[PDB]
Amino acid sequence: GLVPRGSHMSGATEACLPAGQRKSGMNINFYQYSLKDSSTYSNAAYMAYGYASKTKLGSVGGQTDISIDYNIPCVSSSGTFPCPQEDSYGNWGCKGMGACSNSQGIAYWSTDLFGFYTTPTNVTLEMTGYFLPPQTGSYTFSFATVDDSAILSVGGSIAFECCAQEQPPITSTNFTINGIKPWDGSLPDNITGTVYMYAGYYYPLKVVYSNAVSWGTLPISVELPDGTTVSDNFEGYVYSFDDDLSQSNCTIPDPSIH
């Protein structure tokens, strides 16, 4: 055949070719989330778009280094230092610091989330941008763990619409990774999702992350078609573009035949 036949049942992931000035990194938007609310973020509609109905706190652009690793303070005999969760013990102390005098269960203010001053104990954030595959093939995105609730979505009309990165969130709940905190309690370290991508196309990427209490954690990785893994620092892979709703040709519904 002179041409490829295309993915079966138009199953290729939609991608984009935005024509404007590319910027390195993802945009991060921050939204209010209530301390100790362990229910709101267990709903798919909230995690897909509902988060943006709460007050927007602010934003930071140009972020390439995207994993979350937030540790609450331990107010200790020798001063105040962040405590790795695995080093916390008793009621409570932090290994190497002694007993901590402060509550685990209050809000704490910090810039650790992308330099933005907020409460990482209780917040929801939305990361948007475009993933640029350097290689054609299967990419496997993963969260190593999820504390508390998160989704990852890849593709036009799944993450967001082409050339419209800055618009209000779309309603798609067809998540690439569903790390939504279960009602039942529990969940494993499905957690991963696979997308077949064609080199040189821009794939919309959305990550929505929430925490209700204390520690927050979301280690983000992707396994490339060559079997190597990129973790935390996605520089060279993620980009933003200012909205251009007028760019008629921006959406590529089927990169497998374009």
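Position 1 is the first residue in the sequence shown; the rest follow in order. C-alpha atoms forming the largest set that superposes within 1.5 Å between two forms make up the rigid core.
**Student:** Please tell me which region, 179-187 or 165-173, has C-alphas lying farther from the displayed form on average in 8 other deposited structures of this protein, with superposition done on the core.
**Tutor:** Of 179-187 and 165-173, the stretch deviating more in 8 other deposited structures of this protein is 179-187.
**Student:** Output the stretch, either 25-33 or 190-198, that has more C-alpha displacement from this form in 8 other deposited structures of this protein following superposition by the rigid core.
**Tutor:** Of the two stretches, the larger average C-alpha offset in 8 other deposited structures of this protein falls on 190-198.
**Student:** Higher mean Cα B-factor in the deposited model: 77-85 or 94-102?
**Tutor:** Of 94-102 and 77-85, the stretch with the higher C-alpha B-factor average is 77-85.
**Student:** As stated in the PDB record, which stretch has the larger average Cα B-factor, 248-256 or 4-12?
**Tutor:** Mean B over CA atoms: larger for 4-12.
**Student:** Checking the entry, which one of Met197, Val207, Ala44, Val213 has the top C-alpha B factor?
**Tutor:** Reading the PDB entry, the winner on C-alpha B-factor is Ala44.
**Student:** Per the PDB entry, which option out of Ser34, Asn190, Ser67, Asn27 has the greatest Cα B factor?
**Tutor:** Each of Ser34, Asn190, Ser67, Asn27 was compared by C-alpha B-factor; the highest is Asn190.
**Student:** Which third, lowest, middle or highest, does the CA B-factor of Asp184 fall in along this chain?
**Tutor:** As the PDB entry reports it, the C-alpha B-factor of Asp184 lands in the highest third of its chain.
**Student:** Ranked by Cα temperature factor within the chain, is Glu166 in the lowest third, the middle third or the highest third?
**Tutor:** Answer is highest: the recorded C-alpha B-factor places it there.
**Student:** Where does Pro120 sit by CA temperature factor within its chain: lowest, middle or highest third?
**Tutor:** Answer is lowest: the recorded C-alpha B-factor places it there.
**Student:** Which third of the chain holds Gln135 when residues are ordered by C-alpha B factor: lowest, middle or highest?
**Tutor:** Answer is highest: the recorded C-alpha B-factor places it there.
**Student:** Determine, from the deposited record, the chain-internal third of the Cα B-factor for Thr145: lowest, middle or highest.
**Tutor:** It belongs to the highest third of the chain when residues are ordered by C-alpha B-factor.
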